[PDB]
Amino acid sequence: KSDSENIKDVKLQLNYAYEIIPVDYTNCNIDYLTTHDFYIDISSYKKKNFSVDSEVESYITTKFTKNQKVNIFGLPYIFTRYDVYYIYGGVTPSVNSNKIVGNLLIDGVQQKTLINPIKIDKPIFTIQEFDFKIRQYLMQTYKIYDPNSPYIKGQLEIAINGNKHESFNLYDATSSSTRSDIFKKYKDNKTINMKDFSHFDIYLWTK
Amino acid sequence: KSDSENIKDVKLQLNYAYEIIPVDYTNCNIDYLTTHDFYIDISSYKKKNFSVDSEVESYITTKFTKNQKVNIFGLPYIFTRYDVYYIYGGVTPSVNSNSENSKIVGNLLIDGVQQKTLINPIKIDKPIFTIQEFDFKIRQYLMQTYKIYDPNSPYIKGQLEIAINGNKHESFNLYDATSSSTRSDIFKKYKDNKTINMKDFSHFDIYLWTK
Ligand SMILES: [Zn+2]
Ligand SMILES: [Zn+2]
């Protein structure tokens with residue numbers, strides 16, 4: 001009296017994970033840097049003692065410096081009793097500065113052509129912010145993670161001017177994956193320059 | 001095969017429902033009022049046209065007026081492509097510098113026996129606040145500390161009571177969901193916009209049961 005139990009469990013974990021408000025703040029001071037952590041102050045926003053602890057993979061914090069100003073866009077993977085938000089990556093430098101189009105295919109047939117599904121005002125953003133916004137767009141529009149939707153496979157391709165495509169699995173989780181397991185991939189703090197962005201291709205399958 | 005498998009699924013829905021970042025903004029202007037919604041501007045915070053749509057029960061908006069300043073603390077129940085946050089209730093009059101440092105004290109009882117007296121397990125700045133804000137914060141506290149929504153915790157029944165001067169004991173079920181409940185179903189109770197004056201607040205009790 002049950003079918004496609006796993007894929008349904010996988011989608012459940014994903015649905016739980018991405019239905020969240022992101023930690024989004026601009027022009028924040030890096031109070032301290034360790035080998036794998038950014039300690040960022042957002043007290044001015046919170047009007048209270050408040051910080052963001054972003055954990056990343058080796059040698060990422062080495063590209064930044066204490067007291068540098070950065071923008072944050074990360075998904076919290078855990079909640080505590082402290083005034084601290086815990087995320088992976090999502091840190092980009094605040095530039096002097098401070099048009100996303102693509103297509104969507106379902107089982108080989110292009111449904112959307114040159115759509116502008118999301119918006120990013122940063123000239124430099126993390127794939128984490130992009131990935132998040134596309135998934136929310138897909139969850140909102142096609143309920144890709146709802147157990148009763150026919151979508152069971154998917155890819156998000158990102159084309160960058162003067163470089164090969166980059167593909168990301170949209171159903172990247174197991175039945176026992178927590179938010180932390182699913183967001184761990186963002187520890188690479190992968191970043192993109194808006195000017196270098198060409199377009200994206202969303203591929204969804206029901207089979 | 002099982003007999004307690006339901007309370008496990010119910011706890012899972014609640015755990016997921018309440019592991020969320022709230023919509024928290026102070027001193028915002030009520031741009032428009034309808035019979036059942038508040039349209040509050042938070043554009044100055046977002047640095048772009050952005051608003052909060054708070055849906056409430058009848059006879060609630062008649063308590064406020066357009067252009068009145070309010071504070072917002074609500075749990076989003078749905079997301080859309082629009083720059084609007086959708087919440088139930090969570091609206092209180094914005095009075096002073098909404099920066100009060102009052103002490104919140106409560107009694108934690110398990111199976112009818114007091115286990116501890118909680119001192120400021122949660123903090124609330126505003127002098128006037130919604131039970132929604134209190135409920136959310138206390139549930140998070142209970143989740144992090146006693147794992148009340150973990151399938152392997154013995155707690156399967158619970159009540160949160162808020163004591164206010166005048167013998168008013170507000171009481172809410174802490175396990176209010178089915179295995180199918182969505183955030184919208186769970187948060188809908190907040191449409192009553194129940195509010196409390198910090199100066200009327202006595203204390204709170206947490207009754208957890210294992211049977
Ligand atoms: Zn392409
Ligand atoms: Zn009492």
# chains A, B, ... in the order shown; residues from 1 in each chain; ligands from 1
call {"tool": "select_by_dssp", "arguments": {"residues": "segment 3-172 of chain B", "states": "strand (DSSP E or B)", "output": "number ranges by chain"}}
result
B: 23-33, 37-41, 51-55, 69-74, 78, 84-88, 91-93, 105-110, 113-119, 128-130, 157-164, 168-172
call {"tool": "residues_around", "arguments": {"residues": "residue 36 of chain B", "least_positions_apart": "4", "cutoff": "10 Å", "atoms": "only C-alpha atoms", "output": "compact mmCIF listing (two decimals) with C-alpha atoms, in the first residue's frame"}}
result
# COMPACT_ATOMS: atom_id res chain seq x y z
CA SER B 54 -1.09 40.10 7.63
CA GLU B 55 -4.35 38.18 7.47
CA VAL B 56 -6.49 38.23 10.61
CA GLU B 57 -9.91 37.30 11.97
CA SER B 58 -12.85 39.70 11.83
CA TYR B 59 -13.08 42.68 14.19
CA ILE B 60 -9.30 42.93 14.45
CA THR B 61 -8.45 45.59 11.86
CA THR B 62 -11.19 47.84 13.23
CA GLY B 89 -1.66 38.23 12.84
CA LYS B 191 -5.10 35.10 12.94
call {"tool": "residues_around", "arguments": {"residues": "residue 175 of chain B", "least_positions_apart": "3", "cutoff": "8 Å", "atoms": "only C-alpha atoms", "output": "PyMOL selection string"}}
result
chain B and resi 10-11+14+156-159
call {"tool": "write_last_selection", "arguments": {"atoms": "N, CA and C atoms", "output": "JSON list (two decimals), in the first residue's frame"}}
result
[["chain", "number", "residue", "atom", "x", "y", "z"],
["B", 10, "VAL", "N", 3.14, 13.64, 13.87],
["B", 10, "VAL", "CA", 2.61, 14.93, 14.31],
["B", 10, "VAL", "C", 3.77, 15.79, 14.80],
["B", 11, "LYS", "N", 4.66, 15.19, 15.58],
["B", 11, "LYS", "CA", 5.82, 15.91, 16.09],
["B", 11, "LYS", "C", 6.74, 16.36, 14.95],
["B", 14, "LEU", "N", 5.37, 19.48, 13.31],
["B", 14, "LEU", "CA", 5.55, 20.64, 14.16],
["B", 14, "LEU", "C", 7.00, 21.09, 14.19],
["B", 156, "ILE", "N", 4.59, 13.63, 24.53],
["B", 156, "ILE", "CA", 3.59, 13.45, 23.48],
["B", 156, "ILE", "C", 2.37, 14.36, 23.66],
["B", 157, "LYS", "N", 2.34, 15.09, 24.76],
["B", 157, "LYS", "CA", 1.25, 16.02, 25.06],
["B", 157, "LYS", "C", 1.87, 17.21, 25.77],
["B", 158, "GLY", "N", 1.34, 18.41, 25.52],
["B", 158, "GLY", "CA", 1.89, 19.59, 26.16],
["B", 158, "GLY", "C", 1.02, 20.82, 26.03],
["B", 159, "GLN", "N", 1.12, 21.72, 27.01],
["B", 159, "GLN", "CA", 0.34, 22.94, 27.00],
["B", 159, "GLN", "C", 1.20, 24.12, 27.44]]
call {"tool": "residues_around", "arguments": {"residues": "segment 56-61 of chain A", "least_positions_apart": "3", "cutoff": "10 Å", "atoms": "only C-alpha atoms", "output": "PDB file with N, CA and C atoms, in the first residue's frame"}}
result
ATOM      1  N   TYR A  32      35.985  38.658  12.543  1.00  0.00           N
ATOM      2  CA  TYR A  32      37.093  37.730  12.733  1.00  0.00           C
ATOM      3  C   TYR A  32      37.059  36.622  11.695  1.00  0.00           C
ATOM      4  N   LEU A  33      38.230  36.075  11.395  1.00  0.00           N
ATOM      5  CA  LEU A  33      38.352  34.997  10.423  1.00  0.00           C
ATOM      6  C   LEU A  33      39.214  33.874  10.985  1.00  0.00           C
ATOM      7  N   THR A  34      38.742  32.638  10.849  1.00  0.00           N
ATOM      8  CA  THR A  34      39.501  31.475  11.297  1.00  0.00           C
ATOM      9  C   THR A  34      39.786  30.677  10.035  1.00  0.00           C
ATOM     10  N   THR A  35      40.290  29.462  10.205  1.00  0.00           N
ATOM     11  CA  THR A  35      40.624  28.629   9.058  1.00  0.00           C
ATOM     12  C   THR A  35      39.418  28.272   8.195  1.00  0.00           C
ATOM     13  N   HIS A  36      38.264  28.052   8.828  1.00  0.00           N
ATOM     14  CA  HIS A  36      37.050  27.674   8.100  1.00  0.00           C
ATOM     15  C   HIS A  36      35.798  28.470   8.472  1.00  0.00           C
ATOM     16  N   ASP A  37      35.957  29.582   9.182  1.00  0.00           N
ATOM     17  CA  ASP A  37      34.799  30.365   9.590  1.00  0.00           C
ATOM     18  C   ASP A  37      34.924  31.866   9.416  1.00  0.00           C
ATOM     19  N   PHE A  38      33.804  32.468   9.043  1.00  0.00           N
ATOM     20  CA  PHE A  38      33.662  33.906   8.905  1.00  0.00           C
ATOM     21  C   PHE A  38      32.825  34.270  10.130  1.00  0.00           C
ATOM     22  N   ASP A  53      27.716  33.270  11.641  1.00  0.00           N
ATOM     23  CA  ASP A  53      28.837  32.350  11.622  1.00  0.00           C
ATOM     24  C   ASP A  53      28.685  31.565  10.315  1.00  0.00           C
ATOM     25  N   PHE A  64      39.679  36.852   2.004  1.00  0.00           N
ATOM     26  CA  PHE A  64      39.038  37.987   2.657  1.00  0.00           C
ATOM     27  C   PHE A  64      39.924  38.465   3.788  1.00  0.00           C
ATOM     28  N   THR A  65      39.579  39.600   4.380  1.00  0.00           N
ATOM     29  CA  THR A  65      40.357  40.114   5.493  1.00  0.00           C
ATOM     30  C   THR A  65      39.464  40.693   6.581  1.00  0.00           C
ATOM     31  N   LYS A  66      39.941  40.627   7.816  1.00  0.00           N
ATOM     32  CA  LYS A  66      39.183  41.153   8.941  1.00  0.00           C
ATOM     33  C   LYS A  66      38.833  42.613   8.679  1.00  0.00           C
ATOM     34  N   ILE A  87      25.259  29.534   8.924  1.00  0.00           N
ATOM     35  CA  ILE A  87      25.104  29.227   7.496  1.00  0.00           C
ATOM     36  C   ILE A  87      26.425  28.700   6.929  1.00  0.00           C
ATOM     37  N   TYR A  88      26.375  28.207   5.693  1.00  0.00           N
ATOM     38  CA  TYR A  88      27.560  27.735   4.981  1.00  0.00           C
ATOM     39  C   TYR A  88      27.750  28.712   3.816  1.00  0.00           C
ATOM     40  N   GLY A  89      28.971  29.202   3.622  1.00  0.00           N
ATOM     41  CA  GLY A  89      29.228  30.132   2.534  1.00  0.00           C
ATOM     42  C   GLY A  89      28.325  31.359   2.536  1.00  0.00           C
ATOM     43  N   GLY A  90      27.881  31.753   1.343  1.00  0.00           N
ATOM     44  CA  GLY A  90      27.008  32.899   1.177  1.00  0.00           C
ATOM     45  C   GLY A  90      27.646  34.262   1.414  1.00  0.00           C
ATOM     46  N   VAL A  91      28.972  34.327   1.350  1.00  0.00           N
ATOM     47  CA  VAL A  91      29.697  35.567   1.611  1.00  0.00           C
ATOM     48  C   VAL A  91      30.404  36.098   0.380  1.00  0.00           C
ATOM     49  N   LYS A 184      25.485  21.685   2.913  1.00  0.00           N
ATOM     50  CA  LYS A 184      26.940  21.546   3.012  1.00  0.00           C
ATOM     51  C   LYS A 184      27.633  21.939   1.708  1.00  0.00           C
ATOM     52  N   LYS A 185      27.022  21.601   0.577  1.00  0.00           N
ATOM     53  CA  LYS A 185      27.613  21.944  -0.711  1.00  0.00           C
ATOM     54  C   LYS A 185      27.956  23.436  -0.834  1.00  0.00           C
ATOM     55  N   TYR A 186      27.238  24.289  -0.116  1.00  0.00           N
ATOM     56  CA  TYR A 186      27.506  25.727  -0.220  1.00  0.00           C
ATOM     57  C   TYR A 186      28.779  26.177   0.497  1.00  0.00           C
ATOM     58  N   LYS A 187      29.441  25.256   1.195  1.00  0.00           N
ATOM     59  CA  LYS A 187      30.677  25.602   1.890  1.00  0.00           C
ATOM     60  C   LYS A 187      31.776  25.995   0.895  1.00  0.00           C
ATOM     61  N   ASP A 188      31.578  25.709  -0.393  1.00  0.00           N
ATOM     62  CA  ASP A 188      32.591  26.090  -1.379  1.00  0.00           C
ATOM     63  C   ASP A 188      32.501  27.590  -1.691  1.00  0.00           C
ATOM     64  N   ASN A 189      31.488  28.255  -1.133  1.00  0.00           N
ATOM     65  CA  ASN A 189      31.305  29.692  -1.337  1.00  0.00           C
ATOM     66  C   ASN A 189      31.406  30.093  -2.811  1.00  0.00           C
ATOM     67  N   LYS A 190      31.032  29.191  -3.714  1.00  0.00           N
ATOM     68  CA  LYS A 190      31.114  29.485  -5.137  1.00  0.00           C
ATOM     69  C   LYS A 190      30.431  30.793  -5.497  1.00  0.00           C
TER      70      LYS A 190
END
call {"tool": "closest_atom_pairs", "arguments": {"of": "chain B", "to": "ligand 2", "cutoff": "9 Å", "atoms": "only C-alpha atoms and all ligand atoms", "output": "Markdown table"}}
result
| residue | atom | partner | partner_atom_place_in_ligand_line | distance |
| --- | --- | --- | --- | --- |
| B:106 | CA | ligand 2 | 1 (Zn) | 7.5 |
| B:107 | CA | ligand 2 | 1 (Zn) | 7.0 |
| B:161 | CA | ligand 2 | 1 (Zn) | 6.9 |
| B:162 | CA | ligand 2 | 1 (Zn) | 7.1 |
| B:163 | CA | ligand 2 | 1 (Zn) | 5.7 |
| B:169 | CA | ligand 2 | 1 (Zn) | 7.3 |
| B:202 | CA | ligand 2 | 1 (Zn) | 8.1 |
| B:203 | CA | ligand 2 | 1 (Zn) | 6.3 |
| B:204 | CA | ligand 2 | 1 (Zn) | 5.6 |
| B:205 | CA | ligand 2 | 1 (Zn) | 5.2 |
| B:206 | CA | ligand 2 | 1 (Zn) | 8.8 |
call {"tool": "atom_distance", "arguments": {"atom1": "atom CA of residue 176 of chain A", "atom2": "atom CA of residue 12 of chain B"}}
result
13.2 Å
call {"tool": "closest_residue", "arguments": {"among": "B:149, B:82, B:129, B:141", "to": "chain A", "atoms": "only C-alpha atoms"}}
result
B:141
call {"tool": "interface_residues", "arguments": {"of": "chain B", "to": "chain A", "cutoff": "8 Å", "atoms": "only C-alpha atoms", "output": "number ranges by chain"}}
result
B: 16, 19-22, 79-81, 140-141, 144
call {"tool": "write_last_selection", "arguments": {"atoms": "N, CA and C atoms", "output": "short mmCIF file (atom, residue, chain, number, x, y, z; two decimals), in the first residue's frame"}}
result
data_model
loop_
_atom_site.label_atom_id
_atom_site.label_comp_id
_atom_site.auth_asym_id
_atom_site.auth_seq_id
_atom_site.Cartn_x
_atom_site.Cartn_y
_atom_site.Cartn_z
N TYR B 16 9.23 20.72 11.82
CA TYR B 16 9.49 21.39 10.55
C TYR B 16 8.82 22.76 10.51
N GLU B 19 10.77 25.45 12.65
CA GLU B 19 12.19 25.71 12.43
C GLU B 19 12.17 26.70 11.27
N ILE B 20 11.92 27.96 11.59
CA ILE B 20 11.80 28.99 10.57
C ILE B 20 12.26 30.35 11.06
N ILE B 21 12.63 31.22 10.12
CA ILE B 21 13.06 32.56 10.46
C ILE B 21 11.80 33.41 10.38
N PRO B 22 11.49 34.13 11.47
CA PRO B 22 10.29 34.98 11.50
C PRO B 22 10.43 36.30 10.77
N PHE B 79 5.22 31.42 0.44
CA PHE B 79 6.09 32.34 -0.31
C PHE B 79 5.58 32.45 -1.74
N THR B 80 5.74 33.63 -2.32
CA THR B 80 5.31 33.88 -3.69
C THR B 80 6.41 34.63 -4.40
N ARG B 81 6.19 34.90 -5.69
CA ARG B 81 7.17 35.62 -6.50
C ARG B 81 7.17 37.11 -6.18
N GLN B 140 10.72 27.27 20.19
CA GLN B 140 12.10 27.12 19.74
C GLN B 140 12.96 26.72 20.94
N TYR B 141 12.78 27.44 22.05
CA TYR B 141 13.52 27.14 23.27
C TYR B 141 13.31 25.69 23.67
N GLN B 144 15.06 23.26 21.16
CA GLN B 144 16.51 23.20 21.36
C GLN B 144 16.93 22.56 22.68
#
call {"tool": "residues_around", "arguments": {"residues": "residue 85 of chain B", "least_positions_apart": "5", "cutoff": "9 Å", "atoms": "only C-alpha atoms", "output": "MDAnalysis selection string"}}
result
chainID B and resid 23 50:54 76:80
call {"tool": "residues_near_ligand", "arguments": {"ligand": "ligand 1", "cutoff": "10 Å", "atoms": "only C-alpha atoms and all ligand atoms", "output": "list in words"}}
result
residues 102, 103, 156, 157, 158, 159, 160, 164, 165, 166, 198, 199, 200, 201 and 202 of chain A
call {"tool": "write_last_selection", "arguments": {"atoms": "N, CA and C atoms", "output": "PDB file, in the first residue's frame"}}
result
ATOM      1  N   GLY A 102      16.888  32.608 -18.723  1.00  0.00           N
ATOM      2  CA  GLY A 102      17.173  31.213 -18.986  1.00  0.00           C
ATOM      3  C   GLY A 102      15.953  30.502 -19.529  1.00  0.00           C
ATOM      4  N   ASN A 103      16.043  29.184 -19.650  1.00  0.00           N
ATOM      5  CA  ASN A 103      14.931  28.401 -20.164  1.00  0.00           C
ATOM      6  C   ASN A 103      14.625  27.221 -19.252  1.00  0.00           C
ATOM      7  N   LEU A 156      20.046  22.068 -12.791  1.00  0.00           N
ATOM      8  CA  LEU A 156      20.102  23.516 -12.951  1.00  0.00           C
ATOM      9  C   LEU A 156      21.463  23.758 -13.591  1.00  0.00           C
ATOM     10  N   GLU A 157      21.458  24.249 -14.825  1.00  0.00           N
ATOM     11  CA  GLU A 157      22.699  24.515 -15.536  1.00  0.00           C
ATOM     12  C   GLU A 157      22.947  26.011 -15.556  1.00  0.00           C
ATOM     13  N   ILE A 158      24.182  26.401 -15.275  1.00  0.00           N
ATOM     14  CA  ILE A 158      24.545  27.807 -15.262  1.00  0.00           C
ATOM     15  C   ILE A 158      25.641  28.062 -16.289  1.00  0.00           C
ATOM     16  N   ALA A 159      25.331  28.882 -17.290  1.00  0.00           N
ATOM     17  CA  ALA A 159      26.293  29.217 -18.343  1.00  0.00           C
ATOM     18  C   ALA A 159      27.027  30.512 -18.011  1.00  0.00           C
ATOM     19  N   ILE A 160      28.353  30.448 -18.031  1.00  0.00           N
ATOM     20  CA  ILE A 160      29.204  31.593 -17.727  1.00  0.00           C
ATOM     21  C   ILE A 160      30.057  31.981 -18.925  1.00  0.00           C
ATOM     22  N   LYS A 164      32.946  26.676 -19.456  1.00  0.00           N
ATOM     23  CA  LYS A 164      31.970  25.619 -19.700  1.00  0.00           C
ATOM     24  C   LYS A 164      30.788  25.749 -18.745  1.00  0.00           C
ATOM     25  N   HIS A 165      29.692  25.076 -19.078  1.00  0.00           N
ATOM     26  CA  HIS A 165      28.496  25.090 -18.247  1.00  0.00           C
ATOM     27  C   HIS A 165      28.820  24.436 -16.905  1.00  0.00           C
ATOM     28  N   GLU A 166      27.955  24.668 -15.928  1.00  0.00           N
ATOM     29  CA  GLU A 166      28.092  24.059 -14.613  1.00  0.00           C
ATOM     30  C   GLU A 166      26.711  23.537 -14.280  1.00  0.00           C
ATOM     31  N   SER A 198      25.780  34.367 -18.376  1.00  0.00           N
ATOM     32  CA  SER A 198      25.178  34.266 -19.697  1.00  0.00           C
ATOM     33  C   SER A 198      23.689  33.968 -19.569  1.00  0.00           C
ATOM     34  N   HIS A 199      23.372  32.783 -19.058  1.00  0.00           N
ATOM     35  CA  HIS A 199      21.988  32.374 -18.882  1.00  0.00           C
ATOM     36  C   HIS A 199      21.968  31.067 -18.089  1.00  0.00           C
ATOM     37  N   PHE A 200      20.777  30.521 -17.877  1.00  0.00           N
ATOM     38  CA  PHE A 200      20.637  29.258 -17.158  1.00  0.00           C
ATOM     39  C   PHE A 200      19.661  28.357 -17.901  1.00  0.00           C
ATOM     40  N   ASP A 201      19.734  27.065 -17.622  1.00  0.00           N
ATOM     41  CA  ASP A 201      18.817  26.102 -18.218  1.00  0.00           C
ATOM     42  C   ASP A 201      18.325  25.171 -17.111  1.00  0.00           C
ATOM     43  N   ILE A 202      17.012  25.120 -16.933  1.00  0.00           N
ATOM     44  CA  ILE A 202      16.403  24.257 -15.927  1.00  0.00           C
ATOM     45  C   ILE A 202      15.835  23.034 -16.642  1.00  0.00           C
TER      46      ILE A 202
END
call {"tool": "select_by_dssp", "arguments": {"residues": "segment 3-98 of chain B", "states": "alpha helix (DSSP H)", "output": "JSON, numbers by chain"}}
result
{"B": [5, 6, 7, 8, 9, 10, 11, 12, 13, 14, 15, 16, 17, 18, 43, 44, 45, 46]}
call {"tool": "write_last_selection", "arguments": {"atoms": "N, CA and C atoms", "output": "PDB file, in the first residue's frame"}}
result
ATOM      1  N   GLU B   5       3.033   5.668  16.262  1.00  0.00           N
ATOM      2  CA  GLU B   5       3.538   6.197  14.999  1.00  0.00           C
ATOM      3  C   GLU B   5       2.886   7.522  14.608  1.00  0.00           C
ATOM      4  N   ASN B   6       1.679   7.768  15.104  1.00  0.00           N
ATOM      5  CA  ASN B   6       0.995   9.008  14.773  1.00  0.00           C
ATOM      6  C   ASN B   6       1.613  10.209  15.479  1.00  0.00           C
ATOM      7  N   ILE B   7       1.826  10.096  16.786  1.00  0.00           N
ATOM      8  CA  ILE B   7       2.410  11.204  17.530  1.00  0.00           C
ATOM      9  C   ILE B   7       3.796  11.538  16.986  1.00  0.00           C
ATOM     10  N   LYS B   8       4.445  10.560  16.363  1.00  0.00           N
ATOM     11  CA  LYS B   8       5.766  10.788  15.782  1.00  0.00           C
ATOM     12  C   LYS B   8       5.657  11.659  14.533  1.00  0.00           C
ATOM     13  N   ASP B   9       4.655  11.377  13.707  1.00  0.00           N
ATOM     14  CA  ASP B   9       4.448  12.139  12.484  1.00  0.00           C
ATOM     15  C   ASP B   9       3.952  13.544  12.819  1.00  0.00           C
ATOM     16  N   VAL B  10       3.140  13.644  13.866  1.00  0.00           N
ATOM     17  CA  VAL B  10       2.611  14.927  14.306  1.00  0.00           C
ATOM     18  C   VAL B  10       3.773  15.788  14.797  1.00  0.00           C
ATOM     19  N   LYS B  11       4.664  15.185  15.577  1.00  0.00           N
ATOM     20  CA  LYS B  11       5.820  15.913  16.089  1.00  0.00           C
ATOM     21  C   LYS B  11       6.739  16.364  14.951  1.00  0.00           C
ATOM     22  N   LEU B  12       6.841  15.551  13.908  1.00  0.00           N
ATOM     23  CA  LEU B  12       7.683  15.895  12.767  1.00  0.00           C
ATOM     24  C   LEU B  12       7.156  17.125  12.040  1.00  0.00           C
ATOM     25  N   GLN B  13       5.839  17.194  11.866  1.00  0.00           N
ATOM     26  CA  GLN B  13       5.228  18.332  11.187  1.00  0.00           C
ATOM     27  C   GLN B  13       5.436  19.605  11.990  1.00  0.00           C
ATOM     28  N   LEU B  14       5.373  19.485  13.308  1.00  0.00           N
ATOM     29  CA  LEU B  14       5.549  20.644  14.162  1.00  0.00           C
ATOM     30  C   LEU B  14       7.004  21.087  14.190  1.00  0.00           C
ATOM     31  N   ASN B  15       7.919  20.120  14.175  1.00  0.00           N
ATOM     32  CA  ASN B  15       9.335  20.437  14.209  1.00  0.00           C
ATOM     33  C   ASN B  15       9.700  21.206  12.957  1.00  0.00           C
ATOM     34  N   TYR B  16       9.233  20.718  11.816  1.00  0.00           N
ATOM     35  CA  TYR B  16       9.493  21.391  10.550  1.00  0.00           C
ATOM     36  C   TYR B  16       8.821  22.763  10.514  1.00  0.00           C
ATOM     37  N   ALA B  17       7.559  22.809  10.929  1.00  0.00           N
ATOM     38  CA  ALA B  17       6.802  24.052  10.887  1.00  0.00           C
ATOM     39  C   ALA B  17       7.491  25.200  11.613  1.00  0.00           C
ATOM     40  N   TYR B  18       7.945  24.928  12.833  1.00  0.00           N
ATOM     41  CA  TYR B  18       8.577  25.941  13.663  1.00  0.00           C
ATOM     42  C   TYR B  18      10.085  26.183  13.528  1.00  0.00           C
ATOM     43  N   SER B  43       9.348  48.848   3.198  1.00  0.00           N
ATOM     44  CA  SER B  43      10.245  49.230   2.107  1.00  0.00           C
ATOM     45  C   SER B  43      11.550  49.874   2.558  1.00  0.00           C
ATOM     46  N   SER B  44      11.498  50.694   3.600  1.00  0.00           N
ATOM     47  CA  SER B  44      12.709  51.358   4.073  1.00  0.00           C
ATOM     48  C   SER B  44      13.757  50.349   4.550  1.00  0.00           C
ATOM     49  N   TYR B  45      13.293  49.207   5.048  1.00  0.00           N
ATOM     50  CA  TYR B  45      14.182  48.150   5.528  1.00  0.00           C
ATOM     51  C   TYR B  45      14.799  47.401   4.353  1.00  0.00           C
ATOM     52  N   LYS B  46      13.952  47.065   3.384  1.00  0.00           N
ATOM     53  CA  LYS B  46      14.346  46.325   2.189  1.00  0.00           C
ATOM     54  C   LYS B  46      15.009  47.189   1.132  1.00  0.00           C
TER      55      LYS B  46
END
call {"tool": "residues_around", "arguments": {"residues": "residue 101 of chain A", "least_positions_apart": "6", "cutoff": "6 Å", "atoms": "only C-alpha atoms", "output": "PyMOL selection string"}}
result
chain A and resi 114-116+199
call {"tool": "residues_around", "arguments": {"residues": "residue 155 of chain B", "least_positions_apart": "4", "cutoff": "8 Å", "atoms": "only C-alpha atoms", "output": "JSON, numbers by chain"}}
result
{"B": [148, 149, 208, 209, 210, 211]}
call {"tool": "write_last_selection", "arguments": {"atoms": "C-alpha atoms", "output": "mmCIF file, in the first residue's frame"}}
result
data_model
loop_
_atom_site.group_PDB
_atom_site.id
_atom_site.type_symbol
_atom_site.label_atom_id
_atom_site.label_comp_id
_atom_site.auth_asym_id
_atom_site.auth_seq_id
_atom_site.Cartn_x
_atom_site.Cartn_y
_atom_site.Cartn_z
ATOM 1 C CA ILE B 148 9.778 18.252 22.551
ATOM 2 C CA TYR B 149 9.242 17.641 18.832
ATOM 3 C CA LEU B 208 4.775 18.473 29.215
ATOM 4 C CA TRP B 209 3.310 14.974 29.473
ATOM 5 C CA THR B 210 4.693 11.518 28.724
ATOM 6 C CA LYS B 211 1.281 9.863 29.065
#
call {"tool": "atom_distance", "arguments": {"atom1": "atom CA of residue 193 of chain A", "atom2": "atom CA of residue 124 of chain A"}}
result
4.6 Å
call {"tool": "closest_residue", "arguments": {"among": "B:181, B:34, B:130, B:71", "to": "residue 98 of chain B", "atoms": "only C-alpha atoms"}}
result
B:71
